[PDB]
Every structure is written in C-alpha cells, then in structure tokens.
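Have a look at the structure below, then the notes.
Number of protein chains: 6
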Amino acid sequence: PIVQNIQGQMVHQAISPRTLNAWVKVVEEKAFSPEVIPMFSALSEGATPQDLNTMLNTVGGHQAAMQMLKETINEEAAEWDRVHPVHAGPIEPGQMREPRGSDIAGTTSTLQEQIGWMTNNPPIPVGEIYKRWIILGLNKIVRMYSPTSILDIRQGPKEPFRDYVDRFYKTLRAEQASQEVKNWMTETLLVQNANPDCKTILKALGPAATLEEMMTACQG
Amino acid sequence: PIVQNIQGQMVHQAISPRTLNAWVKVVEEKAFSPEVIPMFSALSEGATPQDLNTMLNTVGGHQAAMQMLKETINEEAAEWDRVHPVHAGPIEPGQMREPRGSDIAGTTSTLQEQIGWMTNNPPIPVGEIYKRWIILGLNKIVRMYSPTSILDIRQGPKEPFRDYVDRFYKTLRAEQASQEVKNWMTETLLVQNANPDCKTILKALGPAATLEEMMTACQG
Amino acid sequence: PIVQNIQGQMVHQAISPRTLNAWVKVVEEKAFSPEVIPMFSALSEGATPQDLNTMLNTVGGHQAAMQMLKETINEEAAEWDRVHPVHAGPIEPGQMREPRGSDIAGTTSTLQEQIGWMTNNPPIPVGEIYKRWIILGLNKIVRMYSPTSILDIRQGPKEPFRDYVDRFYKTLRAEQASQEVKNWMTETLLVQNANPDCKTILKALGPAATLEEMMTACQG
Amino acid sequence: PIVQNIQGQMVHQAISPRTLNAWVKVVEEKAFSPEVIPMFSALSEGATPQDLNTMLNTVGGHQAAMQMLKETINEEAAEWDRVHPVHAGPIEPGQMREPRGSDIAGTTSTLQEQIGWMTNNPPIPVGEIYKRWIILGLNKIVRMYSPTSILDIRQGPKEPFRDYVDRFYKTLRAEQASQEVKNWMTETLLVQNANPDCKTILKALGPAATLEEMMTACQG
Amino acid sequence: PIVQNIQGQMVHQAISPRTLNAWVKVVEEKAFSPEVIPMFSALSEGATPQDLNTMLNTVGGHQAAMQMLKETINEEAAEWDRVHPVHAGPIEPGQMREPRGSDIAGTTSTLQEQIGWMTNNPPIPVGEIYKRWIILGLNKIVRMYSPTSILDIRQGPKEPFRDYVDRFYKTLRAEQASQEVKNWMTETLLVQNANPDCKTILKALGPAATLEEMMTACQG
Amino acid sequence: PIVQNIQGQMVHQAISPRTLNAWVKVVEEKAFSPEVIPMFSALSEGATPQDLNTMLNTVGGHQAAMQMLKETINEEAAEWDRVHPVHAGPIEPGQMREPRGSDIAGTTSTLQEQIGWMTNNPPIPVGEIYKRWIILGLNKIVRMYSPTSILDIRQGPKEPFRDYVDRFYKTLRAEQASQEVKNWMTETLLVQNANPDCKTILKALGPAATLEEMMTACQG
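Residue numbers (the authors' numbering), protein chains in the order written: chain A, 1 to 220; chain F, 1 to 220; chain E, 1 to 220; chain B, 1 to 220; chain D, 1 to 220; chain C, 1 to 220.
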C-alpha cells in the first residue's frame, strides 16, 4: 500500500505477507460470509491495483465467482472508457495522461505508472475506483450466493425470536436493495413474519417501538 | 491505529490484522459476558472511528446486538445534534467542519477528515465519544443478554455454593444497578438464598461476615 | 504501561494485544495455582493502574476470587488511608497532591493524575503498591483455593515417591506461612507418609540428611 | 529482498523467516494450485536472485516439477545468451559488466555482483527476468499436472451446476491458451455438458447471454 | 535483560512476556531433556537475577527440582559468603558495596541495586554467576532425571546402530563426568557395548577411526 | 543475530526465540532431508557462532548426526590451525587475537571477542566459515542418511512413474555425485529403470526427450 514515513516523503511499501496469509485463510475458514466484504475494505486500505489483483488471484477456488467479478470489472472499465474520452499526444511534466479502462483495471499498467498516477496533484483515485468496483462485485456475488430470499424467512413455532431476527438481519445484509427502502423491510416484514404471540405483543405496544424494547417485550 | 514515536510527532497507521483476528475470535470464543466490554475498550484504544466501524462490521453472527448498538449510536448522534446546534454558519479558513451526528460515526465522512479532526489543536475527542457510546451499547446488550434476574437466583438443595455465588456475581455484574444498591443487596441476598445449613451457620457467625469467612464456613 | 527511555519520556502506550491475550489464555488454561503470582508480576512490570484494572477485568469466570481480591484491595486501601491521613487546607502550587487510598485502586482517578504522580520528582510508586495489593489478593485466593490440606497427603502403595513429594511441595507452596515452622514441618511430615520401603530406606539413611539423597535413594 | 527507502539505501536483508515459513506451509498444504503463481509473485516482490534460489530450494517434494523448472530456466537463459551476446575485450572502468545468461540464475555469481547490478544507474532488472522465468516454469508445471482434460468434463445428474462450472473454470485456468480461442471454447463447451433441465433452461434463455443469468437460472 | 539503544546510553529494558510464554511451554512439552538447560542459556542471555527468579517460579509443577535448585543456590551463597568477606561502612560514589550471597541470589535485594552493580566500572557479573549456578542446578536435575546409566546401555540383537549410538550419546549428555574422561568414555564404551558383528568390523577397521566411517561400515 | 539499522551503524542482537522454535519444529517435523540445509543457511544468515552452537545444542534426538557434525568441526579446525600457523608472536595494540581452531567455533571464546572479530576493519568472516563447515557437515549427514545407492532404484511392475522419478531425484540430490556425472546419469538411469511398456514408448521417441515429455508419455 501507500504509507508516510516519519518526517519523510511519500514512499510506496510492498504488499503485506501476513495480511495476505490472513486474507487467503479467512475466505477458506469463513466460507463466504457477507462480512467478508468489509474485511477486504479493512485489509486493503490504500492498496495498489497490482496488490488488489494479486490478492484476488491468490484465492484458491471460487473460479466461477472470480470470472463473474472479472466480467463486472470489464463492464465497468468499458463504461468508464465510454463515458470518459481518451486523448493522445505529448506528456507534459507534472501532468499524467488520461487513464483508460484497462489502465484503471491494472491489467496493462505497471507499478511506476500506478505510483505516478496515485501520487500526482490532484491525486487520481484509480485505486479507490478499483476498490469500489471490487466491493460492488463482491456485493453482487454475495447477493447471488444467498440461499434464502429476504421474503422467504418466517419464524417457526419453536424457533426463538433472537435467532429469527438474527437470520432476518443476515438475509437483509445479503439481499439487494437501496439504502432508503432498506428500512421498510426491517420495519414491516420483521413484524409481519413473526410468531403470532409476539406479533400481538408488538401490535399492543406500538409499531414505533425500537428493537431493544420490542425484543424485551417478546422475550417476556 | 494511533502510535506515538520517540520523536514526538504521530502519524496515521492502518488497522493491524492481528487485533481484528483476536477481536473476531474473542467475540466467538467468549460469546457474550461482562469481560467483553473491557477487552473491547483495551483493544480499540486510540483508534479511528472507521476502525471501530470495521470491527463492528467484521463480526460474524449475533446481528441483533449489532442492530441494537447501531440504533444506540443513531440515538446518541440525534441527541448530540439536538443539544449542540450549529450557530456558526461560515467556517473560518484553516478550520475544519464541526462533527455532526452522521460525521461523528464516520458514515458520510472520509478518513482524512477524521485525521484532521483528531490531530487538531486542541484535538477533538471524536474517537473517545464513539468508544463511550459503544461501551454504553455493550452495557445495554450484556444487560439484555442476562439469562435471569438477580432476585430469581436461588441455590438448589444439592448445588454447591461456589458455582452459586459465581453465577450470582456474574448476573449482578451485568445488571445496570448502581454501586450503592449492589453493595446493599450483596450483603443480604447472598445469605438469604443460600443452603439452609450454611445459611444458619453464616447467620450464627455474625452480621460482619466477609467473603473469605463465608467461603470457609459454607464449605465445611 | 509507562515507558522510561531516551529523550521523549512524555509518552504513554496502552496494553499490547499480545500481553493481554496471553494473560487471559494462561489464567483460563492454568486455572488458579501459586504460579500465577510471578507471571502476573512479570507481565505488569512498571504498569499504570488503569492497565492493572484492565488486566483484572479481562479475566473470565471465577467471580468469587475476583470479589475476594476486590474486597482485600478495598480493606488495604482503607488501612492505607487510616495510616496515611491527607492534609486539609489549600495545596501548594506546583506540588502534586499525595495519592489517596481510593486513588491507588484507580476507581476515582484519571490517566493524567497517575501519569503526573509517577513522573513526579521524586516519583511516587503507587503502581508498585497496587501490584503488592494484587499479589496479596492472589496469595489469599490460592490459599483458599486449596482442595486438600497439607496433613491429608499420604503416599499410596503404588504411587511413586517423586510424584508424592512433588504433590507435597506443590501443596506446601500453595499455602503461605512462616518459613521458620516450614523448615520443621517439611521434615516432620515428608518422611512419615512414604512407602514402607522408602520409609525404612530413609530411616537407614538419617533424618538430618538432604533431600536429593532421599530422591536418589528410593528411585525406581 | 532489496530495500529502496530513505538515506541508507545500501543495505541487503535476508528473507524473513515468517515469509519463508508461510511459503513452505502453502507449498506443503496445497501442493500446486492455479493460484500459486500470484502467491509467488507477491511473496517474492523485489527479491535478489539468491533469495529466489533459496525459496526454490526449500520446496518439499515434487522433484520432477523442480527439475522441469530448472531445465526451463536453463533453456531460457541459453536463449537470452544467444539473443544478447556478451562483448569481448576489456571492459570500461566504472561500468558494470552486463549479466550473462548463467548470472541471472545465480549459479555462478555472488551477492555483491547482483547487488551492484540491481543498484546501478540505470538499474538492470534481472530479478524481474528471473521471476518471469520462474512463473513460466510454474505455468508449464501446472499445465503438465492437469489430471483431467477440458473435454472430459461432463456434469452428472446430481452434481450441482455451480460446482460444475467452478471445476470447469478451474481446469480452464490451469491450462494456458490464447485469449481469442478461450471465449469461444467456453461458450461451445459449457452449454453442452450441463444437466438436461439446465440445458433446456439455457436453450430457453439464449446462447449469446451472459453467465450470471445462467448461474441464477438453474440455481436450486 | 540489558540492551543498548542505537546511539544511546545503556538502559535496562523490561522483560518480554513472549519469552516467558515460550519458556513455560517448552519445559512442560519437552519434559526434562539435557538440551533444556542449554535452551535456558539462550533465553536468559544477559538477564537480571530477578528475571531468572521469575522464570524459575513461573514453571508449573516439578517442585522437587525447584527445592533442589534452591538448596544448591543456598549452598553456593554460603560458600561465596565464606570465601569472600563482607565489609561495611560509608558508600562512596562510583564504587558499590561488597555483594553478599543473599544479594547474589537476589532474594533480599531490589532492582536498582542490581542495575547499579551490573552497570558499574568494572562490572560485577552477579547475573552471570547466578546463571552459572542455575545451569549447574539444572545439570544436576537432568542427571538425576536419567533413568538409564551410561554403563547400563547395551545394543540389542534387533536394535539398529543408529538408534543405539543416539541413545548412548543422549545418556552421555546426562551422566556425571568431566570432559577429559568423557572423551575416553565416548571412545571406549561405544565399541565395548556394540553389536558383535559391528564390533569385529570396527576392530578390523581400527579404534582410532571417526564415528562417520564406523557407522558407514556398520551399516553395510 | 546481525541487523542493519537505517542510520548505518550495526549493533548486536540476541537470538530470537521464534527462529529457534521454527528450527526445532522443522527438525522434529521433517527429520532429515536434503532441503533442510538451505533452510538452515537461510535461517541462520548473519548469526554469531554462539547462536549456531546453541541451535545445534538445543535439538532433541538424532545425536549421531550431532556427533558427526562436531567431529567435522573438529577436523576442519585442526586443518585450519595446521595450514594457518601463528607466525606473529606479539599482538599489536588495538588488534585482536587471531581466531584459532577452538576460537573459530566459540568453545573457549566469549561473545565479546566474536563481536570484536566480526566488527573489525576489515571484518573477519568467522561466522561465514562456521556456516560453510556446518553446511559441509549437513551434506555428509544427508549423504549418510541415504537409504540406498543410486543404482538400486528400479521401478516395479505396478509402481507408478511419478513417485519413482521423485524418489530417484531425491536420492540423486542427496548423493555426493558431481554436477557432470549427475547430468550424465539422469539421461540413462531414468529410461533404463522404468516400466517396460513406458520404457519402450520413451525409447521410441528419440534421444532428445525432455522432462515434460517423459512425464506426459510414461503416464499414457
């Protein structure tokens, strides 16, 4: 990634072997949890496109998901190249050329060019754009990987309300929806697909009640 | 997180994977207990709000408590923006914007803004307030996760006194009761809900019995 | 813990994750033994009172021993406040106030107070006093945690002599007493509860002999 | 590996034991996987040829693959020496001699020679050439180690479609071919060896459709 | 232990918890091999007597060996007090007092006195003498631990010569003898208790032969 | 061992327990293989002779190889003191004594003398010579530990070719044969001691077969 030395100039540090060891390990160990995506955001803070590509390719298995995310990367690069024109000519000092889709993807770029593009003034967030594309691809793969839909979860006769709401939130984290409508599901379906006793309890308590008090009422 | 060098000037540092690996493991290994709050408070000392958000997002399971702490953060931010109004419209040159309800948590604020806020002169303890809010949320959570109340704790006919008093102090530590009422009840409810023979022995020993005397007498 | 080193002494670093993780893991695995006393003393060499509080709060389980340690610390703090009264009236400017009985435990004090009290000229060893308090508490804990007394140790017909004396010395170390009677009790109890073969061997050797000759005598 | 940093660049540090241990573990545990080439490229980022030799010598087992790698490296070094002949006669003073074909592999060179070659002005990237040789050898190794060809892959009546396409893409990644034939062969081979139900589904969808719709079509 | 900072003055650094963790784990896991004492020498390089005392006390179990080493320490301290007189009077700056056996052992001394004694000119190797006493005690313990004597090992009819000589040297590392006589032992007992066929082979080859050629002849 | 600081001046550092534990695990884990000599050469790079002595003394088991390496060290020291006579009797002021046969290994020499020798101007590579001697000793050890000669390798009727060629190259690398004779025999013994059907198939290809062809043709 990129680090700043104590009272020194901006220098580029190599990839973290211990972090990569953890990243490969986490996927195998954790299977494919939704929390894995944040994991990538925390482990790849300020990482270069080459480091991101190495971290993606070093993963063993999930080749179908890798092909899907590569297709999404190609589509995003094509959209970027279509929305932003490309100009050619002499390169003036202090100003870099127009990055293309393949240059943002990092497949036809080099480490020195990436450093020059990320250390310019103003900086070009090529790494940030690639990381956003990667996390969007991971969100798509975790949406497709969801075994149970958001509208298919219902509280059973013997299933506790704690486990019910836990699974409901786990499916909501993996479902596809916008941020505004995201509250509508957890406000309506959470009480519309519960056990009838706690349904009546929450209806008598009030719909505007919060999760803590509604659970303390459903537990008692 | 934040480290202090021998020179005197501090810089930003990315989140180390070892701390989060331990944090994910400690939450899973220890489940939920009173000891998790201190570990959390000692492990995330001097960290940016984004690091705490990632730690609260990288946890696997128990999404109910995560939603509880998220709603607690939202309520605290609402109370903060209600009690602290923005009376100053324009911003002086060289000064950064005041942290609002959504900026104090790091939802719509980048890491550079948090760095500039925490490194100001004088510094703005946004991370400290966020840690206090998370500690209050965890207190509420461990109070909800109590298996039973303090009044229902009664020693059985053949159950030993060691595990009995252990469970008693365990369910008393997670209680939101004040120090005064806890010190008042620990002198009465411990002897009133004990083994009859031991209870009579402790009552005949005197009204100034301490912990070690009770442990030595109740086991004989 | 506080760090006294080269220029730049005005530094304070929190507890390292490796230390705290190791202490919680070792205490649970080793349960309670006389051995923990030196491990705790070595892990907390020159630590701040808040660090000791965090280390005492990180332990999970055994709430009775923790309550006994807390009440012993409170009693010793009350004794210290009784023997070292605080002076009334206004304090002199530039002179730090002496630590009170409750300030040693770190319950009503802050970080800057203990930092100024430890880095004062001359320094005030409040951390050493708190460590001695915790050591006395752990001594009382390991004394009350003794399952079998020292007099109920008798070697069986098939139990080895080495294992017998190992158990005997472990039980003797678990209990705290004056060494002047220990020198007599070890000699008047070791050579009395051995096997008949080892008993006649030590009788033919001599009571005033050393221990290594007794170990190498009845071996095998 | 080479360390290019602030003043004091003239420094050579050996390979860290942790990275070498991680390499040994990932070689022993996973044998050879299509993802080992990015692992080697990340763990050996900017290393001296001696470091590459030490990493290639610590491999456990699979002597045939190592011999294949060695002979490929020798052949490519011979080709480099043939295409880049060395100039005869005396060398100019102060100008470092060009590395020979055998000097790149580090079989007849020393540490100071390659240090001066990599730190010259302009630098000579012999380490990158050796890494290219090693990754080409690894590609040949993973192509030879292919247990089943790409045409002998047929999905059974009960095997899932996701695992089938995962195995297919894994076998395709294990083999190295031109980019202009792979996009045609995958489309002409995937929609033929699927389940009858999934075959009818994809026939109802369309040949020129994307892969995500094929994955989400016959799911469950 | 004692360390020297880069371009700094000689300062005493605190003890490392990981060292004690490795030390407690290795002794329990490896029981009492002769190499354990050597391991001790590497872990206690330049450590203060308090560090060695804590390391010995933190060991779980084996209180008999602890009592034996404490008795040896007391005997060595008494011998040092008898051979070196003790003087009293005013302490001049720059010169330390006469170290007593109780001060060499470190049971009745503090940290600052030992620091001043080890950082004086000329330095008084109190820690080195204590470490020598401790390794002598460990040698005595590992000699007592030896189940089979050096003269009781004989090669069986089906036992190979490799394991035979391995066990022979393992027992020789645990017997009580000086190096001058240890050479004669490892020269004559190796051929006196060997296999008769290999005995005749070595007699035909020659007694002055080294172990390598003797083993290569006995294998064939 | 020996580390290089950013300033430029190097200092002495004690052996880290992690490297010693890793070496012990590798020795315990893999017994003896031709691949452990590069592991030792890369793990103990730039270490004092005392560190190598401690590493060779802390190993548990296989004392025959330890005695072999000790005898080789003694023989090399004898050859050194025989070929390098001490012609200079007096020692110049400021100059250290010349390392003798017993001083080059560290038996009767302290660590300070070794530090002064390795930090001289010009430095005396005593550690490098000791490492070369240990490498030669380990070479002799792995040559002796060869199960059989190179001629006894014969592929059976049902034994596969992969494990056959793997064992062949293993015992060839463990052999003391020179680089020329190894390349001379690897073209003959591999084809003359194979499965008859495969043997004839490979002989029908020609005298210019490569390793990949031998692997792909024999398996058909």
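Heads up, the beta-carbon is just placed ideally off N, CA and C, and yes, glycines get one too.
Does any C-beta atom of chain D lie closer than 9 Å to the C-beta of residue 220 of chain E? The beta-carbon of residue 220 of chain E is placed less than 9 Å from the nearest beta-carbon of chain D.
What are the start and end residues of the beta strand (DSSP E) that includes residue 11 of chain A? Annotation for residue 11 of chain A: the continuous beta strand (DSSP E) segment containing it runs 10-12.
Would residue 39 of chain B pass as a contact of residue 23 of chain B if the rule is Cβ separation under 9 Å? Taking 9 Å as the Cβ cut-off, residue 39 of chain B and residue 23 of chain B qualify as a contacting pair.
Which residues of the stretch 54-76 of chain E have a Cβ closer than 8 Å to any Cβ of chain F? Give them in chain order. Going along the stretch 54-76 of chain E in chain order, one finds 54, 57, 58, 59, 60, 61, 62, 63, 64, 66, 67, 68, 71 with a Cβ nearer than 8 Å to chain F.
Per-residue contacts from residue 30 of chain B into chain A (C-beta, under 7 Å): What residue 30 of chain B touches in chain A: 60.
Relative to the C-alpha of residue 20 of chain C, which candidate in C:8, C:13, C:51 has its C-alpha closest? Distance check between residue 20 of chain C and each of C:8, C:13, C:51 places C:51 closest, using alpha-carbon atoms only.
Residue 42 of chain B touches chain A at which residues, Cβ-Cβ below 7 Å? The answer, in chain order, is 15, 20, 54, 58.
Meets three-Cβ-pair contact criterion under 8 Å: the stretch 66-76 of chain A and the stretch 208-216 of chain B: Result yes; three or more Cβ-Cβ pairs closer than 8 Å.
Return the chain-ordered list of same chain residues with a C-beta closer than 7 Å to the C-beta of residue 101 of chain F, the five sequence neighbours on each side being excluded. Closer than 7 Å at Cβ, skipping near neighbours: 77, 78, 80, 81.
Cutting at 6 Å between CB atoms, please list the residues of its own chain near residue 134 of chain B, excluding the five before and the five after it. Closer than 6 Å at the Cβ level, and outside the excluded window around residue 134 of chain B, lies no residue.
Minimum C-alpha distance to residue 165 of chain E - residue among E:190, E:180, E:60, E:147: Nearest C-alpha to residue 165 of chain E: E:190.
Please classify residue 35 of chain F as buried or exposed, where buried requires at least 16 neighbouring CB atoms within 10 angstroms. Residue environment for residue 35 of chain F: buried (at least 16 other C-beta atoms within 10 angstroms of its C-beta).
List the residues of chain C whose Cβ lies closer than 8 Å to the Cβ of residue 33 of chain D, in chain order. The contacting residues are 60.
Tell me, which residues are paired with residue 2 of chain A by DSSP? The partner list for residue 2 of chain A (beta bridge, DSSP) reads A:12.
Please give me, in chain order, every unbroken run of the alpha helix (DSSP H) with length at least 4 that falls completely inside the stretch 97-129 of chain A. Counting only runs of 4 or more, we get 101-105, 111-118.
To the nearest angstrom, how far is the alpha carbon of residue 104 of chain C from that of residue 120 of chain C? Approximately 15 Å between the Cα atoms of the pair.
Residue 144 of chain F CB to nearest chain A CB: under 9 Å? Yes, contact with chain A.
For residue 127 of chain F, which option in F:204, F:44, F:26, F:148 has the closest C-alpha, if you only look at C-alpha atoms? Ranking F:204, F:44, F:26, F:148 by Cα distance to residue 127 of chain F puts F:44 first.
If contact means a Cβ-Cβ distance below 7 Å, which residues of the stretch 135-169 of chain F contact chain E? Against chain E - using a Cβ distance shorter than 7 Å - the residues of the stretch 135-169 of chain F are 162, 165, 166, 169.
Does residue 76 of chain A come out as helix, strand or coil in the three-state DSSP assignment? Correct three-state label for residue 76 of chain A: helix.
Between the stretch 108-116 of chain B and the stretch 164-184 of chain B, can you find at least three pairs of beta-carbon atoms closer than 8 Å? Taking a contact to require three or more Cβ pairs closer than 8 Å, the stretch 164-184 of chain B and the stretch 108-116 of chain B do not qualify as touching.
Start and end residues, alpha helix (DSSP H) containing residue 17 of chain C: Element bounds for residue 17 of chain C: 17-30.
Verify whether the separation of the beta carbon atoms of residue 162 of chain F and residue 95 of chain F is less than 9 Å. By the CB criterion at 9 Å, residue 162 of chain F and residue 95 of chain F fall outside the cutoff.
Using DSSP with H/G/I as helix, E/B as strand and the rest coil, what is residue 61 of chain D? In the structure shown, residue 61 of chain D sits in coil (DSSP, three-state: anything other than H, G, I, E or B).
Does any C-beta atom of chain B lie closer than 9 Å to the C-beta of residue 176 of chain A? Chain B contact via Cβ: absent.
Compare the C-alpha of residue 18 of chain C against each of C:5, C:33, C:8, C:1 and name the closest. Answer by Cα proximity: C:1.
Between residue 99 of chain B and residue 115 of chain B, is the Cβ-Cβ spacing less than 9 Å? Not a contact, by the Cβ cut-off of 9 Å.
Reduced DSSP category for residue 218 of chain E - H, G, I as helix; E, B as strand; rest coil: In the structure shown, residue 218 of chain E adopts coil according to DSSP, grouped into three states.
Quick check: what's the CA-CA separation for residue 131 of chain D versus residue 129 of chain B? Whole-angstrom Cα-Cα distance: 53 Å.
Consider the Cβ of residue 46 of chain E: report whether some Cβ of chain D lies at a distance smaller than 9 Å. So, interface residue.
Counting contacts by CB-CB distance shorter than 9 Å, is residue 6 of chain B in contact with chain C? Chain C places a beta carbon closer than 9 Å to that of residue 6 of chain B, counting this residue as a contact.
Contact set between residue 173 of chain B and chain A, taken where Cβ atoms lie within less than 7 Å: In chain order: 63.
Would you mind giving the Cβ-Cβ distance between residue 33 of chain F and residue 60 of chain E, rounded to the nearest angstrom? I have them listed as a contact below 8 Å. Residue 33 of chain F to residue 60 of chain E, Cβ: 6 Å. Contact.
With burial defined as no fewer than 16 other Cβ atoms inside 10 Å of the residue's Cβ, what is the status of residue 117 of chain A: buried or exposed? Buried, by the Cβ-count rule.
Among D:7, D:3, D:28, which one has its Cα closest to the Cα of residue 16 of chain D? Nearest Cα to residue 16 of chain D within the set D:7, D:3, D:28: D:3.
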